>>> print(open('work_21.pdb').read())   # PDB, C-alpha atoms
ATOM      1  CA  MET A 201      15.266  -6.501   0.891  1.00  0.00           C
ATOM      2  CA  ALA A 202      12.316  -8.186   2.582  1.00  0.00           C
ATOM      3  CA  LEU A 203       8.803  -6.835   2.942  1.00  0.00           C
ATOM      4  CA  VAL A 204       7.665  -6.789   6.560  1.00  0.00           C
ATOM      5  CA  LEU A 205       3.963  -6.277   7.041  1.00  0.00           C
ATOM      6  CA  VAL A 206       2.831  -5.713  10.586  1.00  0.00           C
ATOM      7  CA  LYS A 207      -0.866  -5.863  11.273  1.00  0.00           C
ATOM      8  CA  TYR A 208      -0.569  -6.865  14.881  1.00  0.00           C
ATOM      9  CA  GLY A 209      -0.035  -4.940  18.052  1.00  0.00           C
ATOM     10  CA  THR A 210       0.519  -5.822  21.729  1.00  0.00           C
ATOM     11  CA  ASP A 211      -1.784  -8.848  21.359  1.00  0.00           C
ATOM     12  CA  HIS A 212       1.085 -10.054  19.210  1.00  0.00           C
ATOM     13  CA  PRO A 213       4.534  -8.886  20.431  1.00  0.00           C
ATOM     14  CA  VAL A 214       6.832 -10.958  18.183  1.00  0.00           C
ATOM     15  CA  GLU A 215       6.757  -8.319  15.452  1.00  0.00           C
ATOM     16  CA  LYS A 216       8.929  -6.102  17.654  1.00  0.00           C
ATOM     17  CA  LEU A 217      11.943  -8.386  17.224  1.00  0.00           C
ATOM     18  CA  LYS A 218      10.954  -8.859  13.576  1.00  0.00           C
ATOM     19  CA  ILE A 219      11.421  -5.105  13.324  1.00  0.00           C
ATOM     20  CA  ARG A 220      14.705  -5.512  15.227  1.00  0.00           C
ATOM     21  CA  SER A 221      15.990  -8.203  12.881  1.00  0.00           C
ATOM     22  CA  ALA A 222      14.926  -6.234   9.809  1.00  0.00           C
ATOM     23  CA  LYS A 223      17.722  -5.134   7.492  1.00  0.00           C
ATOM     24  CA  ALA A 224      18.541  -1.704   6.040  1.00  0.00           C
ATOM     25  CA  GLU A 225      16.999  -2.736   2.717  1.00  0.00           C
ATOM     26  CA  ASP A 226      13.809  -4.057   4.262  1.00  0.00           C
ATOM     27  CA  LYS A 227      10.455  -2.326   4.505  1.00  0.00           C
ATOM     28  CA  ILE A 228       8.332  -2.226   7.650  1.00  0.00           C
ATOM     29  CA  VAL A 229       4.657  -1.313   7.502  1.00  0.00           C
ATOM     30  CA  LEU A 230       2.626  -0.609  10.629  1.00  0.00           C
ATOM     31  CA  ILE A 231      -1.074  -1.057   9.878  1.00  0.00           C
ATOM     32  CA  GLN A 232      -4.112  -1.681  12.124  1.00  0.00           C
ATOM     33  CA  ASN A 233      -2.871  -2.733  15.575  1.00  0.00           C
ATOM     34  CA  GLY A 234       0.595  -1.925  14.282  1.00  0.00           C
ATOM     35  CA  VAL A 235      -0.024   1.660  15.412  1.00  0.00           C
ATOM     36  CA  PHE A 236       0.835   0.503  18.945  1.00  0.00           C
ATOM     37  CA  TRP A 237       4.424  -0.023  17.814  1.00  0.00           C
ATOM     38  CA  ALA A 238       4.588   3.654  16.884  1.00  0.00           C
ATOM     39  CA  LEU A 239       4.782   4.240  20.635  1.00  0.00           C
ATOM     40  CA  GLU A 240       7.600   1.734  21.094  1.00  0.00           C
ATOM     41  CA  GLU A 241      11.363   2.166  21.089  1.00  0.00           C
ATOM     42  CA  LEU A 242      12.154  -0.360  18.338  1.00  0.00           C
ATOM     43  CA  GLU A 243      15.796  -1.107  17.540  1.00  0.00           C
ATOM     44  CA  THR A 244      15.668  -1.203  13.747  1.00  0.00           C
ATOM     45  CA  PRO A 245      17.967  -0.225  10.851  1.00  0.00           C
ATOM     46  CA  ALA A 246      15.134  -0.804   8.368  1.00  0.00           C
ATOM     47  CA  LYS A 247      12.701   1.572   6.686  1.00  0.00           C
ATOM     48  CA  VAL A 248       9.762   1.925   9.056  1.00  0.00           C
ATOM     49  CA  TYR A 249       6.453   3.466   8.015  1.00  0.00           C
ATOM     50  CA  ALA A 250       3.185   3.777   9.926  1.00  0.00           C
ATOM     51  CA  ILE A 251      -0.095   4.529   8.163  1.00  0.00           C
ATOM     52  CA  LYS A 252      -0.996   8.098   9.112  1.00  0.00           C
ATOM     53  CA  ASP A 253      -4.689   7.812   8.245  1.00  0.00           C
ATOM     54  CA  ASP A 254      -5.119   4.463   9.997  1.00  0.00           C
ATOM     55  CA  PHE A 255      -3.184   5.889  12.935  1.00  0.00           C
ATOM     56  CA  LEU A 256      -5.796   8.649  13.130  1.00  0.00           C
ATOM     57  CA  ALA A 257      -8.561   6.094  12.605  1.00  0.00           C
ATOM     58  CA  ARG A 258      -7.298   4.286  15.699  1.00  0.00           C
ATOM     59  CA  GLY A 259      -7.761   7.546  17.585  1.00  0.00           C
ATOM     60  CA  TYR A 260      -4.200   8.748  18.084  1.00  0.00           C
ATOM     61  CA  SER A 261      -2.488  12.108  17.630  1.00  0.00           C
ATOM     62  CA  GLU A 262       0.162  12.505  14.907  1.00  0.00           C
ATOM     63  CA  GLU A 263       2.445  14.243  17.403  1.00  0.00           C
ATOM     64  CA  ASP A 264       2.497  11.043  19.447  1.00  0.00           C
ATOM     65  CA  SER A 265       4.565   8.953  17.045  1.00  0.00           C
ATOM     66  CA  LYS A 266       8.167   7.835  17.354  1.00  0.00           C
ATOM     67  CA  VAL A 267       7.965   6.605  13.765  1.00  0.00           C
ATOM     68  CA  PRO A 268       7.260   8.346  10.397  1.00  0.00           C
ATOM     69  CA  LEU A 269       3.611   8.675   9.367  1.00  0.00           C
ATOM     70  CA  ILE A 270       2.591   8.421   5.703  1.00  0.00           C
ATOM     71  CA  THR A 271      -0.662   8.267   3.764  1.00  0.00           C
ATOM     72  CA  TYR A 272      -1.884   5.576   1.360  1.00  0.00           C
ATOM     73  CA  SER A 273      -0.444   7.767  -1.403  1.00  0.00           C
ATOM     74  CA  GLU A 274       3.031   7.434   0.091  1.00  0.00           C
ATOM     75  CA  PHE A 275       2.426   3.731   0.642  1.00  0.00           C
ATOM     76  CA  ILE A 276       2.270   3.441  -3.150  1.00  0.00           C
ATOM     77  CA  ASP A 277       5.474   5.506  -3.317  1.00  0.00           C
ATOM     78  CA  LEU A 278       6.902   2.886  -0.956  1.00  0.00           C
ATOM     79  CA  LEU A 279       5.316   0.234  -3.166  1.00  0.00           C
ATOM     80  CA  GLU A 280       7.318   1.740  -6.001  1.00  0.00           C
ATOM     81  CA  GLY A 281      10.397   2.309  -3.877  1.00  0.00           C
ATOM     82  CA  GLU A 282      12.798   3.043  -6.712  1.00  0.00           C
ATOM     83  CA  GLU A 283      11.442   4.181 -10.100  1.00  0.00           C
ATOM     84  CA  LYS A 284      11.342   1.260 -12.580  1.00  0.00           C
ATOM     85  CA  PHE A 285       9.406   2.044 -15.765  1.00  0.00           C
ATOM     86  CA  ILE A 286       6.352   3.130 -13.786  1.00  0.00           C
ATOM     87  CA  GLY A 287       6.945   6.862 -14.057  1.00  0.00           C
TER      88      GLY A 287
ATOM     89  CA  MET B   1       5.803 -10.637 -11.304  1.00  0.00           C
ATOM     90  CA  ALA B   2       5.823  -6.994 -12.328  1.00  0.00           C
ATOM     91  CA  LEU B   3       4.543  -4.262 -10.050  1.00  0.00           C
ATOM     92  CA  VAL B   4       2.546  -1.797 -12.138  1.00  0.00           C
ATOM     93  CA  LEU B   5       1.560   1.496 -10.528  1.00  0.00           C
ATOM     94  CA  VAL B   6      -0.579   4.205 -12.104  1.00  0.00           C
ATOM     95  CA  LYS B   7      -0.832   7.604 -10.416  1.00  0.00           C
ATOM     96  CA  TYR B   8      -0.750  10.388 -12.993  1.00  0.00           C
ATOM     97  CA  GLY B   9      -4.375  10.771 -13.912  1.00  0.00           C
ATOM     98  CA  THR B  10      -5.009  10.447 -17.615  1.00  0.00           C
ATOM     99  CA  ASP B  11      -2.352  13.034 -18.452  1.00  0.00           C
ATOM    100  CA  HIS B  12       0.180  10.219 -18.673  1.00  0.00           C
ATOM    101  CA  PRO B  13      -0.129   8.287 -21.984  1.00  0.00           C
ATOM    102  CA  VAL B  14       2.239   5.520 -20.854  1.00  0.00           C
ATOM    103  CA  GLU B  15      -0.259   4.403 -18.185  1.00  0.00           C
ATOM    104  CA  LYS B  16      -2.494   2.880 -20.866  1.00  0.00           C
ATOM    105  CA  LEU B  17       0.010   0.440 -22.367  1.00  0.00           C
ATOM    106  CA  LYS B  18       1.412  -0.434 -18.920  1.00  0.00           C
ATOM    107  CA  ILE B  19      -2.010  -1.881 -18.170  1.00  0.00           C
ATOM    108  CA  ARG B  20      -2.621  -2.977 -21.741  1.00  0.00           C
ATOM    109  CA  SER B  21       0.545  -5.017 -22.258  1.00  0.00           C
ATOM    110  CA  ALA B  22       0.674  -6.409 -18.721  1.00  0.00           C
ATOM    111  CA  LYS B  23       0.945 -10.141 -18.115  1.00  0.00           C
ATOM    112  CA  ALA B  24      -1.784 -12.296 -16.571  1.00  0.00           C
ATOM    113  CA  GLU B  25       0.678 -12.895 -13.734  1.00  0.00           C
ATOM    114  CA  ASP B  26       1.204  -9.246 -12.747  1.00  0.00           C
ATOM    115  CA  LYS B  27      -0.408  -6.677 -10.446  1.00  0.00           C
ATOM    116  CA  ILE B  28      -1.799  -3.263 -11.411  1.00  0.00           C
ATOM    117  CA  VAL B  29      -2.815  -0.603  -8.892  1.00  0.00           C
ATOM    118  CA  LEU B  30      -4.785   2.580  -9.551  1.00  0.00           C
ATOM    119  CA  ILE B  31      -4.022   5.321  -7.025  1.00  0.00           C
ATOM    120  CA  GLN B  32      -4.909   9.037  -6.700  1.00  0.00           C
ATOM    121  CA  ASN B  33      -5.940  10.494 -10.057  1.00  0.00           C
ATOM    122  CA  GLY B  34      -5.127   7.070 -11.449  1.00  0.00           C
ATOM    123  CA  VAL B  35      -8.621   6.043 -10.340  1.00  0.00           C
ATOM    124  CA  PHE B  36      -9.894   7.602 -13.591  1.00  0.00           C
ATOM    125  CA  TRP B  37      -8.656   4.453 -15.321  1.00  0.00           C
ATOM    126  CA  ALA B  38     -10.958   2.421 -13.083  1.00  0.00           C
ATOM    127  CA  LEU B  39     -13.951   4.028 -14.788  1.00  0.00           C
ATOM    128  CA  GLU B  40     -13.014   3.349 -18.417  1.00  0.00           C
ATOM    129  CA  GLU B  41     -12.967   0.275 -20.655  1.00  0.00           C
ATOM    130  CA  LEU B  42      -9.484  -0.881 -19.702  1.00  0.00           C
ATOM    131  CA  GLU B  43      -8.911  -4.546 -20.526  1.00  0.00           C
ATOM    132  CA  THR B  44      -6.012  -6.315 -18.826  1.00  0.00           C
ATOM    133  CA  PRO B  45      -5.248  -9.960 -17.900  1.00  0.00           C
ATOM    134  CA  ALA B  46      -3.388  -8.773 -14.791  1.00  0.00           C
ATOM    135  CA  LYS B  47      -4.855  -8.226 -11.331  1.00  0.00           C
ATOM    136  CA  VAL B  48      -6.189  -4.688 -11.573  1.00  0.00           C
ATOM    137  CA  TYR B  49      -7.222  -2.960  -8.351  1.00  0.00           C
ATOM    138  CA  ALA B  50      -8.218   0.596  -7.519  1.00  0.00           C
ATOM    139  CA  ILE B  51      -7.873   1.964  -3.993  1.00  0.00           C
ATOM    140  CA  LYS B  52     -11.315   2.108  -2.429  1.00  0.00           C
ATOM    141  CA  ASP B  53     -10.535   4.603   0.342  1.00  0.00           C
ATOM    142  CA  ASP B  54      -8.873   6.917  -2.167  1.00  0.00           C
ATOM    143  CA  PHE B  55     -11.530   6.344  -4.838  1.00  0.00           C
ATOM    144  CA  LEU B  56     -14.342   7.214  -2.469  1.00  0.00           C
ATOM    145  CA  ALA B  57     -12.278  10.223  -1.369  1.00  0.00           C
ATOM    146  CA  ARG B  58     -12.580  11.608  -4.912  1.00  0.00           C
ATOM    147  CA  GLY B  59     -16.290  12.001  -4.259  1.00  0.00           C
ATOM    148  CA  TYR B  60     -17.332   8.946  -6.248  1.00  0.00           C
ATOM    149  CA  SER B  61     -19.265   5.849  -5.223  1.00  0.00           C
ATOM    150  CA  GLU B  62     -18.200   2.184  -5.271  1.00  0.00           C
ATOM    151  CA  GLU B  63     -20.854   1.650  -7.929  1.00  0.00           C
ATOM    152  CA  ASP B  64     -19.072   4.172 -10.184  1.00  0.00           C
ATOM    153  CA  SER B  65     -16.029   1.934 -10.536  1.00  0.00           C
ATOM    154  CA  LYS B  66     -15.823  -0.805 -13.146  1.00  0.00           C
ATOM    155  CA  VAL B  67     -12.875  -2.582 -11.518  1.00  0.00           C
ATOM    156  CA  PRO B  68     -12.489  -4.072  -7.992  1.00  0.00           C
ATOM    157  CA  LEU B  69     -11.736  -1.709  -5.113  1.00  0.00           C
ATOM    158  CA  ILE B  70      -9.392  -2.566  -2.246  1.00  0.00           C
ATOM    159  CA  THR B  71      -9.208  -1.028   1.181  1.00  0.00           C
ATOM    160  CA  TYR B  72      -6.101   0.028   3.159  1.00  0.00           C
ATOM    161  CA  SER B  73      -6.194  -3.420   4.781  1.00  0.00           C
ATOM    162  CA  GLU B  74      -6.455  -5.181   1.427  1.00  0.00           C
ATOM    163  CA  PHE B  75      -3.680  -3.063  -0.067  1.00  0.00           C
ATOM    164  CA  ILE B  76      -1.288  -4.314   2.596  1.00  0.00           C
ATOM    165  CA  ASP B  77      -2.482  -7.855   1.819  1.00  0.00           C
ATOM    166  CA  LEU B  78      -1.937  -7.209  -1.921  1.00  0.00           C
ATOM    167  CA  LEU B  79       1.720  -6.534  -1.246  1.00  0.00           C
ATOM    168  CA  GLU B  80       1.807  -9.654   0.849  1.00  0.00           C
ATOM    169  CA  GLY B  81       0.191 -11.709  -1.881  1.00  0.00           C
ATOM    170  CA  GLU B  82      -1.912 -14.516  -0.407  1.00  0.00           C
ATOM    171  CA  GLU B  83       0.521 -16.944   1.199  1.00  0.00           C
ATOM    172  CA  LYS B  84       1.633 -14.629   4.054  1.00  0.00           C
ATOM    173  CA  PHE B  85       4.920 -15.854   5.421  1.00  0.00           C
ATOM    174  CA  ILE B  86       4.991 -13.246   8.190  1.00  0.00           C
ATOM    175  CA  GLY B  87       4.695 -15.628  11.126  1.00  0.00           C
TER     176      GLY B  87
END
>>> encode(input="work_21.pdb", output="structure tokens")
Amino acid sequence: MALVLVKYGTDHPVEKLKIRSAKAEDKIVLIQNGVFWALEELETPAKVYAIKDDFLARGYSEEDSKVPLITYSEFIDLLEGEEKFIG
Amino acid sequence: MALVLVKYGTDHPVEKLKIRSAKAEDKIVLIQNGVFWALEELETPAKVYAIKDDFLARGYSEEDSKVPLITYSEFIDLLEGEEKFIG
């Protein structure tokens, strides 16, 4: 149930095995240079999300993702995760 | 400690007291139509942030907001915290 924040890509390759070692409960966010990992294979049982808007900001096509693309709105839905007393 | 999310415009009465009765140790995020709370006279001891990218997307200006705005990058860092143990 760990939060994995990736804001690194290719210039930093250690996040790939972080993603590998991530658990089913854990959350993986690809932001900034993390969009490069959306083109990777990535052996992960965790919940992987790449920022769709930032992905587009980096100049990449949404078709060209191996991972799920979400917007900041859905990032807050991730931020919620469950339900709590938020609503 | 508590993660407080608001994203139901002003149509959700419970949003007010979530902010209102928050602790000075908690985090409060305004997202989507929740940005309307960023314009009012909300008084909370918690860390209150409205999403800048989303707020500007509403057609408003940074100057319009009363509370601090964070960007997609800063939102990721919010969820990190400050200490970043992601090495």
>>> calpha_fit_rmsd(input="work_21.pdb", fixed="chain B", moving="chain A")
1.1 Å
>>> closest_residue(input="work_21.pdb", among="A:201, A:267, A:231, A:239", to="chain B", atoms="only C-alpha atoms")
A:231
>>> resolve_selection(input="work_21.pdb", expression="the PyMOL selection byres ((chain A) within 12 of (chain B))", output="number ranges by chain")
A: 202-208, 212-215, 217-219, 227-234, 250-255, 257, 271-287
>>> residues_around(input="work_21.pdb", residues="residue 66 in chain B", least_positions_apart="6", cutoff="9 Å", atoms="only C-alpha atoms", output="list in words")
residues 38, 39, 40 and 41 of chain B
>>> residues_near_point(input="work_21.pdb", point="(18.4, -4.5, 11.8)", cutoff="10 Å", atoms="all atoms listed in the file", output="list in words")
residues 217, 218, 219, 220, 221, 222, 223, 224, 225, 226, 242, 243, 244, 245, 246 and 247 of chain A
>>> atom_distance(input="work_21.pdb", atom1="CA of residue 237 in chain A", atom2="CA of residue 209 in chain A")
6.6 Å
>>> atom_distance(input="work_21.pdb", atom1="CA of residue 268 in chain A", atom2="CA of residue 59 in chain B")
28.0 Å
>>> atom_distance(input="work_21.pdb", atom1="CA of residue 210 in chain A", atom2="CA of residue 258 in chain A")
14.1 Å
